[PDB]
Structures are given as structure tokens and as C-alpha cells.
Amino acid sequence: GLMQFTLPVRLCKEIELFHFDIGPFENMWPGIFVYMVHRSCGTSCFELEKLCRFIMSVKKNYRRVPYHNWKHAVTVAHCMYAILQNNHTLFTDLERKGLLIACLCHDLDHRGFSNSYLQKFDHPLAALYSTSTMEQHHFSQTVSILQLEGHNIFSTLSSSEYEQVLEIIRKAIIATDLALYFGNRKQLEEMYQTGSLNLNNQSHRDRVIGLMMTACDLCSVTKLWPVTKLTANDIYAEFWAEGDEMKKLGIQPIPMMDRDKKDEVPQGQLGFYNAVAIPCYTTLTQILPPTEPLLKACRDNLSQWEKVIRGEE
Ligand SMILES: CN(C)c1nc2cc(Br)ccn2n1
Ligand SMILES: [Br-]
Ligand SMILES: [Mg+2]
Ligand SMILES: [Zn+2]
């Protein structure tokens, strides 16, 4: 009970900032996650023995793909940590517990392919779940791991608190389906501007937690330019692999995914910052003013992609 995790000074300070990079030392990522849980939640939220066993089973069930991997899991959990710490009083005990676990689990057993590719492939998971295919699988794997002997980090919740936290985690993971993001932000935009947004309305919290999840999931666009630039390589390596597999099914992939059309990437990143990222962190800043640094960092990187196009790097 008296066993804190402590990090080296540079990490101890930088981890509090939205733009923190968890680094290339895999073996430190579990301790980073626990540190965050302890400061975000308490030293008491989870039995350390069970948490550690839950973390290492979650790690095992992320695959060795270029981007949708264990590092992404922890990166996305860190962004949620930064949002929760800069918005101390807005979130219940259960939400703080549930959301860091949601973020760590959100891409469990991802194979590096989109919901579209599963459906064109006719992957079994596409028959089991017609929408938010991978996201329903990710929630399914989370529940599977939670039910391994020794792994129930929630065992000390009441029956009804347990049901609420698994419901927070399910909606949180489903919301990482970018197809659902557009409508979810449109509604939050209207609710904010007409003044009807009410954080005591459960259906409204759900929407706001969904946007937080989109923001954490996209947080690679809110890092320092060199982190953003190198992560984009990993993202495009999955896209081009998926484009290769589309060609194998006899389908010309969208250009984003065509490795013959790399030249078009900087313009494609422009489109994405403008269509998805900027609107996402704008609406999030409006709802949760202290998340402004994510918007500012996102704008800085949009500006960096504009420079790539103009031939200035
Ligand atoms: C090109 N689009 C779909 C895309 N998706 C992402 C997600 C993140 Br994080 C960063 C860049 N991109 N680029
Ligand atoms: Br990126
Ligand atoms: Mg995902
Ligand atoms: Zn993700």
C-alpha cells in the first residue's frame, strides 16, 4: 500500500504535459501506466498485484504491427491522463478508473487493418459485428482479460459500480470508431452553441467522453513535430499494407493507402488535420478549456505539413 512508483526527474515533470513522448524503452511503459493510475485515481483504486497482471496480459494481446501496437495503447492512455489531471473536479471516481483502462485496452488484438478491409475480406469478425467491427472486438478482448483468474482489477467495486465501469469502458472503446466521431462532434458542437450542453445529463457525458477518446486516440498529431512526423511513417506503413491487401482482393485502394502515391501524403495529412483533428480539439477546447494545448500543438503540426508541401522540408 505504501509502494509509490517514481520516475526520473525529466519524466516526472514532462509526463504532466500533453505532448509527453513515453520513449523507446518498452520495459518502462508499464511503470509509466501505473504511475499515471496512482496520481489520477489513487494508490488504492486497484490491487497492485492484479493491476500488474492485467497490464502484462493486455500487453501480450497487442500485436507487433507498425502503429496499432502496445506503444499506441500507452500513448493514448497518457493523453487521457493529461486530460483528467487538467480537469480534476469534472470526473467521478469510476470515470477516472474506467477511462485509463479503456484507453490501454482500446485497440486490443488490432491486426493493422480497417473495418472496411475486414468487410471486403469477409473476415468472420465482420459477420459477428456489422458496425464498429474492430471496436466491438477490442471491448470483447477487454472483458476476456478481466475474467482471467487474478486479473479482475475491479473485484472490490459493488455489483452496480462494476456494471457502470464496464459500461463506461464499452462506450469509450466504441467511440474510438472514427466513423462515429463526425456525428458525435456535430451534436456536441450544436449542444455547446445553443447552450443546452449539461454535464449532469448522462447522454451528454457519454458524448463528451467519446470526444475525449477521439482526442486521446489521435494525440500523435498533438506531439512535437519530430514525434508527429515519425509516427506518421508507422501510420502510413499500415495504410500501404492494407492497400496492398486491397489490390490482392482485386480492388484499387483509395490513394491514402496506395504506396505508389506517397507523393500525395502531405496533402492527405492537410485534409485530415482540417476534416478531423482540428475540429476535434476545437470542440474539446470549447467543452474543456484546459485541453487548449492539444489544439495549439495540432495547429503547430498542421503548419509543419503546410511547410512540407511548400518544399521548405
Ligand atoms: C490520413 N488519416 C486517416 C490519418 N489518420 C491519422 C491518425 C493519426 Br493519430 C495521425 C495521422 N493520421 N492520418
Ligand atoms: Br502522426
Ligand atoms: Mg482502434
Ligand atoms: Zn487507437
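The first residue in the sequence is number 1, and the count goes up from there. Note: hydrogens, waters and symmetry copies are ignored here, and every other heavy atom, side chains too, is used. Counting starts at 1 for both ligands and their atoms, following the listed order.
Between the side chain of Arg310 and the backbone N or O of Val308, no donor-acceptor pair lies under 3.5 Å.
Shortest distance from the Zn ion (ligand 4) to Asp217 is reached at OD1 (N/O/S atoms only). Looking only at N/O/S atoms, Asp107 comes nearest to the Zn ion (ligand 4) through OD2.
Within a 6.0 Å sphere centred on CD of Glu16, other residues, nucleotides and ligands contribute more than 12 heavy atoms.
Under the 3.5 Å distance criterion, with hydrogens and angles disregarded, no donor-acceptor pair is assigned to the side chains of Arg299 and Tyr281. In summary, the side chains of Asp217 and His72 do present a donor paired with an acceptor at a separation below 3.5 Å, with no hydrogens or angles considered.
The side-chain tip of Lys261 does not point at the ring of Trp240 from less than 6.0 angstrom away and within 45° of straight on.
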Could you go through the side-chain hydrogen bond (donor to acceptor under 3.5 Å, both in side chains) check for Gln202 and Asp206 one step at a time?
-> CA-CA 6 Å; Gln202 190 53 61; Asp206 286 355; 2.7 Å; yes
Evaluate side-chain hydrogen bond (donor to acceptor under 3.5 Å, both in side chains) for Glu135 paired with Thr176, printing each intermediate quantity in order.
-> CA-CA 7 Å; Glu135 292 80 15; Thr176 63; 4.8 Å; no
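Among the atoms of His68, none of the N, O or S atoms falls under 2.8 Å from the Zn ion (ligand 4). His106 lies close to the Zn ion (ligand 4), since one of its N, O or S atoms is found at a distance under 2.8 Å.
The side chain of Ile235, and not its backbone, has at least one atom closer than 4.0 Å to an atom of ligand 1 (non-hydrogen atoms only; side chain from C-beta on). Counting heavy atoms closer than 4.0 Å to ligand 1, residue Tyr67 contributes side-chain atoms (C-beta onward) but none from N, CA, C or O.
From the protein, the heavy atom lying nearest to atom 13 (N) of ligand 1 is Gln269 NE2, 2.8 Å. Among protein heavy atoms, atom 7 (C) of ligand 1 sits closest to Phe272 CZ, 3.7 Å.
Taking every heavy atom of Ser220 and a limit of under 4.0 angstrom, the matching atoms of ligand 1 come to 9 (Br).
At a 3.5 angstrom cut-off on N or O pairs, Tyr236 does not count as close to ligand 1.
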